[PDB]
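S.K.:
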Amino acid sequence: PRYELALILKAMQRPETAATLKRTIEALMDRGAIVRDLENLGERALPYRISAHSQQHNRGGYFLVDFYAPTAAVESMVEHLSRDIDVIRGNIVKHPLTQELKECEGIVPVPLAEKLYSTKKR
Amino acid sequence: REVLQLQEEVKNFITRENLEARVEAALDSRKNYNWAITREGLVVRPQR
Amino acid sequence: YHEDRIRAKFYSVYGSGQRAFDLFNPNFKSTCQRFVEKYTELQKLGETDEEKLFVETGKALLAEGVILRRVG
Amino acid sequence: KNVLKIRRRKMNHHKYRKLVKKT
Amino acid sequence: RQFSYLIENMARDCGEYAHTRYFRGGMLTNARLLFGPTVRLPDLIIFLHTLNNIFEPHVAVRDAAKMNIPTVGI
Amino acid sequence: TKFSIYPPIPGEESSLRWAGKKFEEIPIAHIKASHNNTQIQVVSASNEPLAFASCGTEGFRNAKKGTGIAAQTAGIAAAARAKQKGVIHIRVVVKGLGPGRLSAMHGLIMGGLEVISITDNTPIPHXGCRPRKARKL
Amino acid sequence: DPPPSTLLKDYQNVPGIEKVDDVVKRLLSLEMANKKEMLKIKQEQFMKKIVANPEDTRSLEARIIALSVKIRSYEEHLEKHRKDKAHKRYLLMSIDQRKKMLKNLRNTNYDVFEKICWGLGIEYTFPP
Amino acid sequence: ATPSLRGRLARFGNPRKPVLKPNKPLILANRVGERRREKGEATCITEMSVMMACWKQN
Amino acid sequence: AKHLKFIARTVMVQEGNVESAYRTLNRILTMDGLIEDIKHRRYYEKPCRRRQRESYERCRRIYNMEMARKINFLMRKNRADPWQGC
Amino acid sequence: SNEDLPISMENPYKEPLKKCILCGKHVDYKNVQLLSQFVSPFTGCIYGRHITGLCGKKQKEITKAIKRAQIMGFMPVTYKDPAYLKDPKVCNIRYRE
RNA sequence: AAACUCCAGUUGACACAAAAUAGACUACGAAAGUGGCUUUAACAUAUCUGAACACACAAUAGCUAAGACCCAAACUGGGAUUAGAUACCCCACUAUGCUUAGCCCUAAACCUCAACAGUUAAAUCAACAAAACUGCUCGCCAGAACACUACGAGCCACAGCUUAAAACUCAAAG
Ligand code: FES
Ligand SMILES: [K+]
Ligand SMILES: [K+]
Ligand SMILES: [Mg+2]
Ligand SMILES: [Mg+2]
Ligand SMILES: [Mg+2]
Ligand SMILES: [Mg+2]
Ligand SMILES: [Mg+2]
Ligand SMILES: [Mg+2]
Ligand SMILES: [Mg+2]
Ligand SMILES: [Mg+2]
Ligand SMILES: [Mg+2]
Ligand SMILES: [Mg+2]
Ligand SMILES: [Mg+2]
Ligand SMILES: [Mg+2]
Ligand SMILES: [Mg+2]
Ligand SMILES: [Mg+2]
Ligand SMILES: [Mg+2]
Ligand SMILES: [Mg+2]
Numbered sequence: 002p003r004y005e006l007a008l009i010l011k012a013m014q015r016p017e018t019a020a021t022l023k024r025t026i027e028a029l030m031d032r033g034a035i036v037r038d039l040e041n042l043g044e045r046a047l048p049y050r051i052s053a054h055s056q057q058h059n060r061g062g063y064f065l066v067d068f069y070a071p072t073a074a075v076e077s078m079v080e081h082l083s084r085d086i087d088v089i090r091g092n093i094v095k096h097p098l099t100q101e102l103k104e105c106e107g108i109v110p111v112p113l114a115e116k117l118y119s120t121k122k123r
Numbered sequence: 155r156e157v158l159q160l161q162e163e164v165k166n167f168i169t170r171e172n173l174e175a176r177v178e179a180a181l182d183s184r185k186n187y188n189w190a191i192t193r194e195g196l197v198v199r200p201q202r
Numbered sequence: 065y066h067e068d069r070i071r072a073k074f075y076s077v078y079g080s081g082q083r084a085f086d087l088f089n090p091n092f093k094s095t096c097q098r099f100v101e102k103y104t105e106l107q108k109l110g111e112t113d114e115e116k117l118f119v120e121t122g123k124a125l126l127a128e129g130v131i132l133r134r135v136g
Numbered sequence: 128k129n130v131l132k133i134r135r136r137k138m139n140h141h142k143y144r145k146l147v148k149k150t
Numbered sequence: 149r150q151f152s153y154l155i156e157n158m159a160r161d162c163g164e165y166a167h168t169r170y171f172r173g174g175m176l177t178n179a180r181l182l183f184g185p186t187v188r189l190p191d192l193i194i195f196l197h198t199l200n201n202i203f204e205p206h207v208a209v210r211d212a213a214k215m216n217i218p219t220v221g222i
Numbered sequence: 058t059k060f061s062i063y064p065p066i067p068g069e070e071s072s073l074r075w076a077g078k079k080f081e082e083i084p085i086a087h088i089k090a091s092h093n094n095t096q097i098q099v100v101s102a103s104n105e106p107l108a109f110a111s112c113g114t115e116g117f118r119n120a121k122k123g124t125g126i127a128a129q130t131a132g133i134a135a136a137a138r139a140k141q142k143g144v145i146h147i148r149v150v151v152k153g154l155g156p157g158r159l160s161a162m163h164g165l166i167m168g169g170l171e172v173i174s175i176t177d178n179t180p181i182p183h184x185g186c187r188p189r190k191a192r193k194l
Numbered sequence: 066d067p068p069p070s071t072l073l074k075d076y077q078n079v080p081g082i083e084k085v086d087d088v089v090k091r092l093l094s095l096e097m098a099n100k101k102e103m104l105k106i107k108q109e110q111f112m113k114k115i116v117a118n119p120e121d122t123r124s125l126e127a128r129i130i131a132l133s134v135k136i137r138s139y140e141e142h143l144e145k146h147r148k149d150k151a152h153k154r155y156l157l158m159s160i161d162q163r164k165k166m167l168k169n170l171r172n173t174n175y176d177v178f179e180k181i182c183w184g185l186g187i188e189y190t191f192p193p
Numbered sequence: 002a003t004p005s006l007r008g009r010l011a012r013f014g015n016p017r018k019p020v021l022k023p024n025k026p027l028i029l030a031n032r033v034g035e036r037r038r039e040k041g042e043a044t045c046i047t048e049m050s051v052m053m054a055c056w057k058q059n
Numbered sequence: 002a003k004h005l006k007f008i009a010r011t012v013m014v015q016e017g018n019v020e021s022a023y024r025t026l027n028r029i030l031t032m033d034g035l036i037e038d039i040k041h042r043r044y045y046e047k048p049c050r051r052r053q054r055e056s057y058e059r060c061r062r063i064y065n066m067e068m069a070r071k072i073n074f075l076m077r078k079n080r081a082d083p084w085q086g087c
Numbered sequence: 046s047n048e049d050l051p052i053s054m055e056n057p058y059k060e061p062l063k064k065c066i067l068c069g070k071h072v073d074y075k076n077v078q079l080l081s082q083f084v085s086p087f088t089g090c091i092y093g094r095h096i097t098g099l100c101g102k103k104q105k106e107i108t109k110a111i112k113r114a115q116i117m118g119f120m121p122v123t124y125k126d127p128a129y130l131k132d133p134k135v136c137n138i139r140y141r142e
């Protein structure tokens, strides 16, 4: 089914970032994934210092890969991303747009619970 | 209707032929998912 | 009552009338009551659309000199 | 409720485990 | 207590009796001790308000029934 | 400008200066307020030790270290040694809820140092090591 | 199991899906779906083969077929997850519920009961 | 808003396990608690320590 | 350890008013639950004892919040006696 | 008979059900700006529904999104990102009084 | 007091341990249980009832084998207290809590309130507790103590578990 790879990349120059992005997309395709879109969220300071592959990273390039892969591909891709030294953090989730929000009428008021205790005179 | 919609989207899907071109286009572009909500329930998109 | 549907719509569109309700007078008619009466009179004419009938009711009151300031 | 019924059983069981250990 | 003055006047005007004050325990069921052995109890009790000041039935409603006195009540 | 309780962000540009020094350059006074002792170390903004004083180093022994007056005495001692090395403004970082949590800062002020900010850094595990068993008192 | 290229049960009968792009076909195939989608096709195949009316799912026969597909899925899960006690309970309960269904079917309709046993390869054993 | 009491207590209708186990019935009393005296604290500790400190010096 | 220092639980002193700053900081930690959490973390509270306390603290909130709602509802009637003498 | 007798209707004056500010809006873990609005500026603690004012469904969604964003390298844990300190206040909590 | 000073504070690197806030929510599961994040698989039954033993599960403790070491900690040692202190307080450190593979099958395993269906009418109803009842079915109980015992039998259990009496004694126990 449809997935989303939130790939935080190392702070590199454009040629190395392009090579890393292509390499990662090629790995997805090799595992049977139909890559749909690639989004650049920009390079920003990490929320906290992340130590990956014996390197301390304070900045990273946030990218998103929208793709369709078979369920078995996910585990294999996770293993590939772990071995890539240019990837700071990589997570695969079920694509959020596939999940449909149920229509909400609004907040229904709940009345005070009654008849909790008998009406005997204490 | 869903098959028809899907048949149109697949035209824009990344392929090995266009992979390099799509990677360069992504590097140039910027996508923002951040927006704020007011007390009135109105979305305040970012101004940047 | 059947007219409560009219009163609810009127109160939503225009709000509480500027004229203050005098509950001491048994025959006191409010702006909303006047609207209900005109609305009912136009229902006897044979208008079948509430929205059209509601619009026509307001126009008749405006012609009679009633002040109808909508919430907007 | 008080625990007087439990207390009788508590002493019986303790003495039993002590007797079994000894013998 | 908003109508204690009104009710006490109405009773005096029609030549009857009013009890708008705190109802002491035993006014009806222990009257012969409180008032005297030859005291005559009311023949009718009209409750203009049947609830006391804690929103519970006025004690005299129960006591009137004990003494077999008919009661009118709003 | 309205006073901002929020500290100036190191990256952004701020106009707030203390003796011509930015918030990121003010020396730090690390206070460890334990249940039985208070330890104060004044370090520079580059982590160079400048002064150290505890209730133990001021001559209080056993239960007398776990008192406000003992922590206040340590604060004054640390300020004196820090003021000799050129410290005026300090960023206080207190750790722990001991008896000398507030008294230690009063001592630092009584010693001639100016506190520009107070940070609480008491360690709170988010789930961590299981603490010692409850006491039967 | 059904081939992975098999189209999903929902999209198998939409007109013109035989002529869509190959990418669209595999996106709508079993390969790109979860395990539950393949189970639906399994049930469909059994319903058509054994049941007189595939559309009727409330018959005692359709319920047996549906339960047998579930039973097989639990056995496959338990093969990978041997110490999953929750699923082991679900399998044994499901087996006991199919035995009760089969007993009722044997008592009511023997001719159809025999066809269920043949198609689903179920051997009816009498309780101890 | 007051937290809900629907399904919180162990009752015949309630199928789930009890969320709450009040040791007293959850019923408002006709009284409130009495005013509590403040815990006494030693005063003028700082001023005493300045005078005593000077005594040591002099 | 990993996060940037001097951002969390940091309060700036206004006009050298350290007392007001400490009271503010202490109020922020109390409202968030850090002060009360630290005190409970000194000794390990066993699961059964933690469940018994949460149940107690929850029943106390419900009762205290309902008593307060009645006090504010009846405070209107603290007026002077209008029918004095009746 | 008589036409003035009350008739049976659903309350016409009944007001519409209230809605939380986030009702009908997708909550995303990538939308860190929105998520930051529901955490404490000083400690980063997630605010309860009594403070945030969200409905039970949206309170759960916000919580799960924060926890996800915080561990995936999108959101800080121990404090609120200073960049989002000037966003609209939507939480009923006062720290200075 | 002992202990520690190969100690303590700042900073950096840094788990086979445990999972603040959310949670004032009351959800999931047959129960036991389940509250960090992601993904995969996945939550029986179109009438109901239906096992101390058949079948499958079952907190914590414990057993067997192989690993892990932050912290906690039976036992043990030291310090203190005390008439004594085999405890309560302080310190140190084991088994054990963790993982893998097999056992063991117990709990105030109690929300001490069985499953399913239905009712709020009347005498509501000993007391207290969490108002009083109807239909139907299975399970269980008939003074206290002996007795979570003896014997027999079964069990990977061998200081064990399950089932479970009698004699003598009492006029109470509850
Ligand atoms: S009230 Fe609609 S989702 Fe919150
Ligand atoms: K956690
Ligand atoms: K219990
Ligand atoms: Mg005995
Ligand atoms: Mg009790
Ligand atoms: Mg010594
Ligand atoms: Mg909590
Ligand atoms: Mg059954
Ligand atoms: Mg039996
Ligand atoms: Mg077990
Ligand atoms: Mg073990
Ligand atoms: Mg230890
Ligand atoms: Mg060990
Ligand atoms: Mg339990
Ligand atoms: Mg029981
Ligand atoms: Mg049963
Ligand atoms: Mg036992
Ligand atoms: Mg035995
Ligand atoms: Mg034997």
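Chains AE, AU, AS, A3, AB, AI, AL, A2, AQ and AP supply the protein sequences, listed in that same order. The first sequence maps to residues 2 to 123 in PDB author numbering. The second sequence maps to residues 155 to 202 in PDB author numbering. The third sequence maps to residues 65 to 136 in PDB author numbering. The fourth sequence maps to residues 128 to 150 in PDB author numbering. The fifth sequence maps to residues 149 to 222 in PDB author numbering. The sixth sequence maps to residues 58 to 194 in PDB author numbering. The seventh sequence maps to residues 66 to 193 in PDB author numbering. The eighth sequence maps to residues 2 to 59 in PDB author numbering. The ninth sequence maps to residues 2 to 87 in PDB author numbering. The tenth sequence maps to residues 46 to 142 in PDB author numbering. Just so it is clear, CB atoms sit at the ideal spot from N, CA and C, and this is done for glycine as well.
Reducing DSSP to helix, strand and coil, say where residue 16 (chain AE) ends up.
M.R.: Reduced to three states, the DSSP call for residue 16 (chain AE) is helix.
S.K.: Counting contacts by CB-CB distance shorter than 8 Å, is residue 126 (chain AP) in contact with chain AU?
M.R.: Cβ-Cβ to chain AU under 8 Å: no for residue 126 (chain AP).
S.K.: Does the structure place the stretch 180-198 of chain AU close enough to the stretch 69-80 of chain AS that three or more beta carbon pairs sit under 8 Å?
M.R.: Contact between the stretch 69-80 of chain AS and the stretch 180-198 of chain AU is absent, because fewer than three Cβ pairs lie under 8 Å.
S.K.: Run through chain AE and tell me which residues come within less than 7 Å of residue 3 (chain AQ), C-beta to C-beta.
M.R.: Those are 49 and 50, listed as they occur along chain AE.
S.K.: Enumerate, from N- to C-terminal direction, the unbroken alpha helix (DSSP H) stretches of 4 or more residues contained entirely within the stretch 160-195 of chain AB.
M.R.: Runs found: 179-182.
S.K.: Establish whether the CB of residue 89 (chain AP) and some CB of chain AE are separated by less than 8 Å.
M.R.: No, because no Cβ of chain AE sits closer than 8 Å to the Cβ of residue 89 (chain AP).
S.K.: For ligand 2, is there a heavy atom less than 7 Å away from the beta-carbon of residue 66 (chain AS)?
M.R.: No, Cβ of residue 66 (chain AS) sits at least 7 Å from all heavy atoms of ligand 2.
S.K.: What residue from 86 (chain AS), 120 (chain AS) and 128 (chain AS) has the CA that sits closest to residue 107 (chain AS)'s CA?
M.R.: The shortest C-alpha separation from residue 107 (chain AS) is found at 120 (chain AS).
S.K.: Kindly indicate which three-state DSSP category residue 168 (chain AI) falls into: helix, strand or coil?
M.R.: It is coil, neither helix nor strand.
S.K.: So which residues of chain AE does residue 121 (chain AP) contact, with C-beta pairs closer than 7 Å?
M.R.: Those are 48 and 49, listed as they occur along chain AE.
S.K.: Among residues of its own chain, excluding the 5 on either side of residue 133 (chain AI), which ones have a beta-carbon nearer than 7 Å to its beta-carbon?
M.R.: Within the same chain, residue 133 (chain AI) has close Cβ partners 164, 167 and 168.
S.K.: Tell me the rounded alpha-carbon separation between residue 199 (chain AB) and residue 205 (chain AB).
M.R.: Straight-line Cα distance between these residues: approximately 4 Å.
S.K.: Report the rounded CA-to-CA distance for residue 22 (chain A2) versus residue 9 (chain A2), giving the unit in angstroms.
M.R.: Going by the C-alpha atoms only, they are around 9 Å apart.
S.K.: Determine the DSSP secondary structure at residue 91 (chain AE), reduced to helix, strand or coil.
M.R.: Strand, per DSSP.
S.K.: Just to confirm, is the Cβ distance from residue 88 (chain AL) to residue 35 (chain AE) under 8 Å?
M.R.: In this structure, residue 35 (chain AE) lies closer than 8 Å to residue 88 (chain AL) by Cβ.
S.K.: Taking Cβ-Cβ distances below 8 Å as the criterion, which residues of the stretch 70-90 of chain AP are in contact with chain AU?
M.R.: Listed in sequence order: 70, 73, 75, 76, 77, 78, 79 and 82.
S.K.: Using DSSP with H/G/I as helix, E/B as strand and the rest coil, what is residue 204 (chain AB)?
M.R.: Three-state result, residue 204 (chain AB): coil.
S.K.: Quick check: does the Cβ of residue 129 (chain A3) come within less than 7 Å of any heavy atom belonging to ligand 5?
M.R.: No.
S.K.: Suppose you measure from the CA of residue 192 (chain AB) to the CA of residue 184 (chain AB); what does that come to, to the nearest Å?
M.R.: Roughly 20 Å between the two C-alpha positions.
S.K.: Taking residue 4 (chain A2) as the reference, which of 79 (chain AQ), 74 (chain AQ), 65 (chain AQ) and 84 (chain AQ) has the closest Cα?
M.R.: Out of 79 (chain AQ), 74 (chain AQ), 65 (chain AQ) and 84 (chain AQ), 65 (chain AQ) has the C-alpha closest to the C-alpha of residue 4 (chain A2).
S.K.: Give a yes or no on contact between the stretch 97-112 of chain AL and the stretch 186-198 of chain AU, applying the rule of three or more CB pairs nearer than 8 Å.
M.R.: The stretch 97-112 of chain AL is not in contact with the stretch 186-198 of chain AU.
S.K.: Alpha carbon to alpha carbon, how far is residue 198 (chain AU) from residue 55 (chain AP)?
M.R.: Spanning the two alpha carbons is a distance of roughly 38 Å.
S.K.: Residues of the stretch 121-134 of chain AI with a CB closer than 7 Å to any CB of chain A2: list them in chain order, please.
M.R.: So the list reads 125, 126 and 129, given in the order they occur along the chain.
S.K.: Between residue 165 (chain AB) and chain AQ, is any beta-carbon pair separated by less than 8 Å?
M.R.: So no, residue 165 (chain AB) is outside the interface.
S.K.: By Cβ distance below 7 Å, which residues in the same chain neighbour residue 57 (chain AE) in space, the five residues on each side in sequence not counted?
M.R.: Same-chain partners within the cutoff: 50.
S.K.: Pairs of beta-carbons, one from the stretch 168-181 of chain AB and one from the stretch 131-138 of chain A3, closer than 8 Å: are there three or more?
M.R.: Touching, no.
S.K.: Using the Cα positions of residue 132 (chain AS) and residue 69 (chain AS), report the straight-line distance between them to the nearest angstrom.
M.R.: Looking at the two C-alpha atoms, the distance is approximately 19 Å.
S.K.: Would you kindly work out how many angstroms separate the C-alpha atoms of residue 167 (chain AL) and residue 68 (chain AL), rounded to a whole number?
M.R.: Using only the alpha carbons, I get a separation of about 30 Å.
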